[PDB]
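In case you want the letters, here they are:
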Number of protein chains: 2
Amino acid sequence: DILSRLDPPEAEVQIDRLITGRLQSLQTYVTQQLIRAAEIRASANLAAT
Amino acid sequence: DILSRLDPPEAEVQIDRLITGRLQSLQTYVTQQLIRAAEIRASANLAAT
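Considerations on the overall build of chain A
Counting its secondary structure elements, chain A contains one helix and zero strands. If one aligns the C-alpha atoms of chain A with their principal axes, the spans along those axes are about 65 × 15 × 10 Å. Residues classed as buried in chain A amount to 2% of the 49 residues present. For chain A, the exposed surface amounts to about 4500 Å²; the carbon and sulfur share of it is 58%.

This is the structure in structure tokens:
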């Protein structure tokens, strides 16, 4: 709908905002999965011992 | 190249787009190093034991 109702020069501006938000969300997700996996690893290490 | 084919009022807008990206990339580098150092630290703590 963003494009469907506009030219390229005018749509690229909005699509870059959408891209910025959606990339920020994915970085937040991946950083928290990295922090949460190091906590699961310390627990599996205790289980092995 | 932005300081050679743009006047100062137009080169600010183009320099800020680079500043934002490079800051993002540097800060991603610094987060992943904290997460990797916290893992090297536990290995060295096991080696000391």
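Structure shown, so let's carry the discussion forward.
Things to note about the pattern of salt bridges
Residues and elements named next belong to chain B. This structure, assessed with the given rule, holds one salt bridge over all chains. Across the pair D1 and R5 runs a salt bridge, and its minimum N-O distance is 3.4 Å. Here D1 falls in the exposed class, since its relative accessible area comes to 68%.

Description of the relation of the copies chain A and chain B
Relating one copy of the chain to the other requires a rotation about an axis plus a shift along that axis. Superposing chain A onto chain B takes a rotation of 120 degrees plus a shift of 0.1 Å along the axis, which leaves an RMSD of 0.4 Å. The transformation relating the two chain copies, once decomposed into turn and shift, fits a three-fold axis. Relative to the rotation axis, the C-alpha of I35 of chain A is the closest in chain A, positioned 4.3 Å from it.

Points about the interface of chain A and chain B
Contact with chain A, which involves six residues of that partner, is made by six residues of chain B. Carbon and sulfur atoms supply 56% of the area that chain A and chain B bury against each other, a total of about 420 Å² over both sides. On the chain A side of the contact with chain B, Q27, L34 and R41 of chain A bury the most area, a combined 69% of that side's loss. Where chain A packs against chain B, one counts zero salt bridges. Linking chain A to chain B there are one residue pair in polar contact. Considered class by class, the residues forming the side of chain A that touches chain B number three nonpolar, two polar and one charged.

Some thoughts on the environment of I35 of chain B
Note on placement: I35 of chain B falls in helix α1 (residues 8-48). Between the C-alpha atom of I35 of chain B and that of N45 of chain B, which follows or precedes it by 10 residues, the distance is 16 Å. Setting aside chain neighbours within four positions, we find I35 of chain B in contact with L34 and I35 of chain A.

Section: helix α1 (residues 8-48) of chain A
If you check α1 of chain A, its first and last C-alpha atoms are 58 Å apart, about what 41 residues at 1.5 Å a residue would give, namely 60 Å. Sitting at the head of α1 of chain A, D7 of chain A places a side-chain oxygen 2.6 Å from the backbone nitrogen of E10 of chain A.

The rules behind these values
Residues numbered from 1 in each chain as written, not as in the entry; some residues may be left out. Chains lettered and ligands numbered in written order. Part of a larger assembly, values for the part shown. Heavy atoms only, no water. Helix = DSSP H or I, 4+ residues; strand = E, 2+ residues; numbered from the N terminus. Buried < 20%, exposed > 50% of the residue type's maximum accessible area, 1.4 Å probe, protein only. Areas by Shrake-Rupley, 256 points an atom, 1.4 Å probe, with all protein chains shown as cover. Salt bridge = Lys/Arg side-chain N within 4 Å of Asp/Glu carboxyl O. Least-squares fit on C-alpha atoms. Contact = heavy atoms within 4.5 Å. Buried area = accessible area lost by both parts, 1.4 Å probe. Polar contact = N/O pair within 3.5 Å; in protein donor to acceptor, adjacent residues only side chain to side chain. Nonpolar A, V, L, I, M, F, W, Y, C, P; charged D, E, K, R; others polar. Expected span 1.5 Å × (residues − 1).

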